[PDB]
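Everything on this sheet refers to the single structure shown next.
So basically every Cβ, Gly included, is an ideal-geometry build from the backbone, and we count neighbours across all protein chains shown. None of the figures in this text is laboratory data; all of them are computed from the coordinates on show.
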Amino acid sequence: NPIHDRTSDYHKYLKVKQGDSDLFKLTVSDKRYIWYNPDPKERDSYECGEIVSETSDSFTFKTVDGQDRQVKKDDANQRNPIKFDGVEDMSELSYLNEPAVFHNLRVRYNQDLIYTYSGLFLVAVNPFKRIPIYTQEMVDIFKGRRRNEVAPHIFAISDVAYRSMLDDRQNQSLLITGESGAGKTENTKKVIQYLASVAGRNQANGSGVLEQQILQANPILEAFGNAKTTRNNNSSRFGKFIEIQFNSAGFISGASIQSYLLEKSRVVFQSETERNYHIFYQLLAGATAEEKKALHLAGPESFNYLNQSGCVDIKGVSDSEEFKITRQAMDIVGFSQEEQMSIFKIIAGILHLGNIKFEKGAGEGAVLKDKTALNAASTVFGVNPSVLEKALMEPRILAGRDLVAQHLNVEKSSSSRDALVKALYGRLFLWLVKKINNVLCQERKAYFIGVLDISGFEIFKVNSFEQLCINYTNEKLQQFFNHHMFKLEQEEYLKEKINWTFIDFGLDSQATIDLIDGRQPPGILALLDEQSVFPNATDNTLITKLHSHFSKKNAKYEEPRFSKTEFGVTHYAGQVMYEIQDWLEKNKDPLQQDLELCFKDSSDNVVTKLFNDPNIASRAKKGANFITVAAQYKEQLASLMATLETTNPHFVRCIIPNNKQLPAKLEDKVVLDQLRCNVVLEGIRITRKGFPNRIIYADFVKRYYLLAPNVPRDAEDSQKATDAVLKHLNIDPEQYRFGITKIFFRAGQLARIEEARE
């Protein structure tokens, strides 16, 4: 069934399926109605009442329940001629506030249509349901086709990103970012595929190795990288730019993925209904009774690095076999049949490491009573016992010009193997990516398409040092948009002639950023660094200094009234509240060189290659030694942004619909909560007052021609044929400036013409 019309794979759960009847009876608009919030107590969940008033100073209307209270034309959220229901790019709206769009966004959803537009902004709200909208024909309907000629889709920004490059020959970016719970993992999970097939190399159906050797390189990532939390069954657990290259003709060539921040904590600790990195269960749950004692696990329940928080009982999908997939994916993108055993040789020495119970030493001196965990735990990494344990409880500190063997009590031996138990996962993994990257990795690399998988503003009263870094990058981003989409009105003003009494809008947030990473005048990250320099620092000081530098001195910083262990910043979207605690330690990630020394050698080319390579056990030795997680997280985002700033971008946003994994309900308590969370609506409502239902430009020929006698169809050209109409009828010229070449009906000056049906 040819792609044209209605009745197939596409129109059904993809395209709003237009009707088999042709004329303007699909609907007809008159009168008006306003959105509103029945209860003056709740700022969510509005309603719909008919206007009866048109006050000059005020505005008034009807209601369902009795009340008939009034509302300033300015605080009123209007409702559109219900002729726009599932309108594909929302700019086409006439009136826009919120309710007016959690509405257009729901109908777009009632019909199971996750994808939508905001001019430049694709909104995509995760369904949780299974909706075939990806199959191989969803592809051949897109390839080589224009955003106009097809309903919205990930496959509809994912090609554009490709074609523009081919022709508007320039490196290209895709930026996907959403509240973690948003499925932004699958979105990316498709751009790669889609591209991979159109620039997919075979005759008409196939792809020879490379293009595939790639597809299986996420299973690795998802296997360790992704993990399952209250918010999902499989949470993108980490940030990364997976990013890919081609040769000039058009055929895909390379890939290079760089990752960063991970909940390295998800190893030692997880909570209610939570589990671990899946590598961990399929590990035990999947190894033939053979290798299971080849290293000795027996019970996964038997383990406490896994048998703590409730649900390890592994909901829905089967994993026993998912193993044959990941393990089937590593030595397919080529992973040795011998060494990739070590991965395992490792994932378990970790496990035995979360099983030892250093018990208060008689008097003091904390010590383990008996030992087989550790004996075993050492017997895969291959590291002598009177060594491993000794650096652990008895680590050699250096007081001045002499250095000795302190004996830890529990209070601290307790958290050592805790902190060393991430140093490996955090580590193995980083290098583990280091591998496959460096063969999908490319050389001259003519062009590239990088795609960005980053998070939204993680805002919670429990946010700490981490919450900042990700939120520092986010701010860093919404200028890239605001500034980029700024230079938009740049060309815009070379073809509508003379330009707007203008904003010259610059960073309204160079400010906030400057407060974080400001050199001089310094910022949070400066003092963080500045003090991380020695011990007699008691985060107590850390905050005391801050309120001195900042408090009553920076528009974005606020000092709490009664609370003292914490403060608050005023980010792009409202305030954030960071508490301090171990920021001073979390800033280093310390670990005794009594231990490296114990693991910097072994039997094993990798746990040697882990604490033996300078780009895996270290960071560039600057200012005499290691630079801090704060300084670095600066060195690398900027580099990232640097790159971004030289490529064309396309932003995609992932809206989480509800908090219990429920496909079906779609609660305004959340969606809305974030709609504002992104500059999606306010992205224009503020920005494009000036040109309304930005058409395919100035095309007054047979598209809309029912006006009685005077405004015809094709006079001489696609521009003029009736102009002396608003200068005349309705009101004046103002609505439309008159650029020599282009012009725009400012719809916003309509109240004398276009509301009835004929």
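Observations, loosely collected:
- Listed by chain and number, the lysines placed with their C-alpha closer than 29 angstrom to that of residue 73 are 31, 41, 62, 83, 669, 689, 727; residues fewer than eight positions away on the same chain are left out.
- Euclidean distance of C-alpha centroids, segment 68-103 and segment 237-274, integer Å: 39 Å
- Exposure proxy for 500, 431, 35: other Cβ atoms within 10 Å of each Cβ, ordered fewest to most, give 500, 431, 35.
- Amide H contacts of residue 693 (H built 1.01 Å from N, in plane; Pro and chain starts excluded): 747 sit under 5 Å, all sequence-distant by 5 or more or on other chains.
- The long axis of helix 629-644 is offset from the longest Cα principal axis of the chain by roughly 40 degrees.
- Given +1 at the Cβ of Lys and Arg, -1 at the Cβ of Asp and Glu and no other charges, the dipole of the chain around its Cα centre is 460 debye to the nearest 20.
- The separation of segment 379-400 from segment 498-545, counted between C-alpha centres, amounts to 40 Å.
- Put in order of Cβ neighbour count within 10 Å, fewest first, the listed residues 288, 541 become 288, 541.
- Each residue of segment 418-432 is assigned a 3J(HN,Hα), and the resulting list reads 7, 7, 6, 6, 9, 2, 8, 4, x, 6, 3, 2, 5, 6, 3 Hz, derived from the Karplus form 6.51 cos²θ - 1.76 cosθ + 1.60 (θ = phi - 60°), x at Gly and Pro.
- The local environment of residue 130, defined by Cβ-Cβ distances under 12 Å, has a net charge of -1 under the rule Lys, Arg +1 and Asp, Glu -1.
- Listed peptides 274-286, 619-631, 570-582, 224-236 by packing density, highest first (mean Cβ within 10 Å): 274-286, 224-236, 570-582, 619-631
- Report note on the peptides 303-312, 673-682, 176-185: ranked by the mean count of other C-beta atoms within 10 Å, highest first, their order is 176-185, 673-682, 303-312.
- Of all beta bridges that DSSP places with both ends in the chain, some 70 percent have antiparallel geometry.
- Backbone phi angles across segment 369-383, fed through the Karplus curve with coefficients 6.51, -1.76 and 1.60 (θ = phi - 60°), yield HN-Hα couplings of 6, 10, 8, 8, 4, 5, 4, 6, 2, 9, 8, 10, 6, x, 9 Hz in residue order; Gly and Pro are listed as x.
- Distance from the Cα centroid of segment 288-311 to that of segment 2-27 is 54 Å (rounded to whole angstrom).
- Amide H contacts for residue 261 (H built 1.01 Å from N in the peptide plane; partners 5 or more residues away or on another chain; cut-off under 5 Å): 239.
- Global form of segment 55-94, assessed from the alpha-carbon gyration tensor, a/c cut-off 1.5: oblate
- From phi via Karplus (6.51, -1.76, 1.60), per-residue ³J(HN,Hα) for segment 149-166 in Hz, x at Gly/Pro: 6, 9, 3, x, 3, 5, 7, 10, 10, 6, 7, 2, 3, 7, 5, 3, 3, 3
- Here's the list of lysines a cross-link from residue 621 could span, going by alpha-carbon distance under 27 Å and ignoring same-chain residues fewer than 8 apart: 240, 264, 422, 434, 435, 476, 586, 588, 600, 609, 634.
- Calculated mean residue ellipticity at 222 nm for the chain: -8000 deg cm²/dmol, from DSSP H runs with n ≥ 4 weighted as -39500 (n - 2.57), summed, divided by the residue count and rounded to 500.
- Between helix 340-351 and the chain: long-axis angle, C-alpha atoms, 0 to 90°, nearest 10: 80 degrees
- Among residues other than residue 490 with Cβ under 13 Å from its Cβ, the summed charge is -3 (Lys and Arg +1, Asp and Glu -1).
- Other-chain or far-sequence residues with amide H under 5 Å of residue 648's (modelled H): 172, 173
- Once C-alpha pairs closer than 8 Å and six or more residues apart are averaged by separation and normalised to the residue number of the chain, the relative contact order reads 16 percent.
- In percent, rounded to a whole number, the relative contact order of segment 16-103 is 25, using alpha-carbon pairs under 8 Å and six or more apart.
- The relative contact order of segment 75-194 comes to 18 percent, based on Cα pairs under 8 Å that sit 6 or more residues apart.
- Taking a straight Cα-Cα cut-off under 16 Å and skipping sequence neighbours fewer than 8 places away in the same chain, the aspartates and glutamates within cross-link reach of residue 720 are 496, 699.
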